[PDB]
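Enquirer: One structure, as structure tokens, below. Some questions next.
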Amino acid sequence: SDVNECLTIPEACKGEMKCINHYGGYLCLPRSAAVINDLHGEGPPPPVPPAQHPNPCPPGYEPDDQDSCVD
């Protein structure tokens, strides 16, 4: 939320990640899997990551960035 205020709707889950498709379908998954850098392997991470978001949600359903200023 850059220009967005605390008026947003709780259509995202607190403690769970928001997995949505390009059609608008909504899903929530356990926050056990963190949305971090690419897991291409161990040791050195690449200068250009092939995945800015791990996509723990089945391909087609992309993780949405949930930024809230209040409950």
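As shown in the structure tokens, the chain order sets the letters A, B, ...; within each chain, residues go from 1, and ligands are also counted from 1 in the order they appear.
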I'd like the contact shell of residue A:61 - 8 Å cut-off, only C-alpha atoms, skipping same-chain residues fewer than 4 positions apart - returned as number ranges by chain.
Expert: A: 19-22, 57
Enquirer: Go ahead and save the residues from that selection, with N, CA, C and O atoms, as a compact mmCIF listing (two decimals), in the first residue's frame.
Expert:
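Now in part.txt:
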# COMPACT_ATOMS: atom_id res chain seq x y z
N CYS A 19 -3.25 -16.25 -2.05
CA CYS A 19 -2.97 -16.81 -3.38
C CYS A 19 -4.15 -16.58 -4.33
O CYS A 19 -5.24 -17.11 -4.11
N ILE A 20 -3.94 -15.79 -5.38
CA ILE A 20 -5.02 -15.44 -6.31
C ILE A 20 -4.61 -15.69 -7.77
O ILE A 20 -3.43 -15.60 -8.13
N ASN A 21 -5.58 -16.02 -8.62
CA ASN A 21 -5.32 -16.18 -10.05
C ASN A 21 -5.65 -14.89 -10.82
O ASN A 21 -6.09 -13.90 -10.24
N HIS A 22 -5.48 -14.92 -12.14
CA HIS A 22 -5.72 -13.74 -12.97
C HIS A 22 -7.23 -13.52 -13.22
O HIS A 22 -7.64 -12.49 -13.75
N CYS A 57 2.03 -21.19 -3.97
CA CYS A 57 0.67 -21.46 -4.45
C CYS A 57 0.74 -22.05 -5.88
O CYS A 57 1.48 -21.54 -6.72
Enquirer: Extract, using only C-alpha atoms, all DNA, RNA and protein residues at most 7 Å from stretch 2-17 of chain A, discarding same-chain residues fewer than 2 positions from it, and format them as a ChimeraX atom specification.
Expert: /A:19,28-31,63,66,69-70
Enquirer: Suppose we keep N, CA and C atoms; can you now write the selection as a PDB file, in the first residue's frame?
Expert:
ATOM      1  N   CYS A  19      -3.250 -16.245  -2.054  1.00  0.00           N
ATOM      2  CA  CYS A  19      -2.968 -16.813  -3.385  1.00  0.00           C
ATOM      3  C   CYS A  19      -4.154 -16.581  -4.328  1.00  0.00           C
ATOM      4  N   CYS A  28      -6.271 -18.798   0.555  1.00  0.00           N
ATOM      5  CA  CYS A  28      -5.297 -18.510   1.626  1.00  0.00           C
ATOM      6  C   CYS A  28      -4.525 -19.772   2.035  1.00  0.00           C
ATOM      7  N   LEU A  29      -3.199 -19.663   2.077  1.00  0.00           N
ATOM      8  CA  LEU A  29      -2.326 -20.783   2.458  1.00  0.00           C
ATOM      9  C   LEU A  29      -1.535 -20.462   3.736  1.00  0.00           C
ATOM     10  N   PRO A  30      -1.188 -21.484   4.549  1.00  0.00           N
ATOM     11  CA  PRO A  30      -0.391 -21.286   5.776  1.00  0.00           C
ATOM     12  C   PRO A  30       0.916 -20.508   5.518  1.00  0.00           C
ATOM     13  N   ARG A  31       1.183 -19.498   6.352  1.00  0.00           N
ATOM     14  CA  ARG A  31       2.353 -18.620   6.177  1.00  0.00           C
ATOM     15  C   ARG A  31       3.686 -19.355   6.461  1.00  0.00           C
ATOM     16  N   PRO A  63       0.971 -15.439  -5.557  1.00  0.00           N
ATOM     17  CA  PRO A  63       0.907 -14.784  -4.239  1.00  0.00           C
ATOM     18  C   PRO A  63       0.778 -13.256  -4.353  1.00  0.00           C
ATOM     19  N   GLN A  66       0.413  -8.581   0.609  1.00  0.00           N
ATOM     20  CA  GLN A  66      -0.519  -8.079   1.619  1.00  0.00           C
ATOM     21  C   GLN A  66       0.160  -7.085   2.579  1.00  0.00           C
ATOM     22  N   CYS A  69      -1.958  -1.417   7.228  1.00  0.00           N
ATOM     23  CA  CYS A  69      -1.553  -0.453   8.259  1.00  0.00           C
ATOM     24  C   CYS A  69      -2.353  -0.629   9.560  1.00  0.00           C
ATOM     25  N   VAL A  70      -3.321  -1.552   9.568  1.00  0.00           N
ATOM     26  CA  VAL A  70      -4.173  -1.773  10.752  1.00  0.00           C
ATOM     27  C   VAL A  70      -5.077  -3.015  10.592  1.00  0.00           C
TER      28      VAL A  70
END
Enquirer: Do you know which residues are at most 12 Å from residue A:49 counting only C-alpha atoms, after dropping those on the same chain fewer than 5 positions away, and could you put them as a list in words?
Expert: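 Counting only C-alpha atoms, the residues come to residues 36, 37, 38, 39, 40, 41, 44 and 54 of chain A.
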Enquirer: Kindly give the distance, in Å, that separates atom CA of residue A:65 and atom CA of residue A:23, rounded to a single decimal.
Expert: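 Here the two named atoms are 16.8 Å from each other.
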